[PDB]
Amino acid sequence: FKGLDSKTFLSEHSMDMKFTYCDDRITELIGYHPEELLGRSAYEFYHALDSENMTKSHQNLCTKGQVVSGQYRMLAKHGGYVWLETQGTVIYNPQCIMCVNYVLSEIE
C-alpha cells in the first residue's frame, strides 16, 4: 500500500475545467496519460452520482477563489471508479485552476 504522498498529483485546468496539464503520477494511480487528458473537461470523468455536487464545488471555487471538493469518484482508464478528494485554487492576474488531487482509495 502507497503513502499519502505517492497518492497525490497536481492538475491544471482552464476556467471551463478542461485539463491544461497533469502530473505523470496520475498514470500509476488511475491509468491515464497526461497527454490524453488535455482539452477534456473534468466533467467527462465524474461518476454520475457525484456530478451535481462537483458542479457546486466548482461554483464555490469560481466565486470564492479556493475550495475543497470532498469525496468524488473518477472513472478509471481500465474500468471502475477511484475515490478522490481535490483541493482547488484559482490563479487570477481568472487565469487557471490548480488542483491538488488525493486518491482516497487504496493503491497497491
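Throughout, we count residues from 1 along the sequence that is shown.
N93 unmodelled in at least a third of other compared entries: Across the other compared entries, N93 is absent from at least a third.
Between neighbours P94 and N93, residues that the deposited sequence lists but the model omits: In the deposited sequence, 4 to 9 residues between these two have no coordinates.
Comparing 52-60 with 33-41, the one whose average Cα B-factor in the PDB entry is higher: According to the entry, 52-60 carries the higher average C-alpha B-factor.
Lowest, middle or highest third - CA B-factor, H78: Answer is highest: the recorded C-alpha B-factor places it there.
Where the record places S6 (Cα B-factor, split into thirds across the chain): Tercile = middle for this residue's CA B-factor.
B-factor third for the C-alpha atom of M17 within its chain: Ranked within chain, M17 CA B lands in the highest tercile.
Assigned third (lowest, middle, highest) for the C-alpha B factor of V103: Its C-alpha B-factor, which the entry lists for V103, ranks in the lowest third among residues of this chain.
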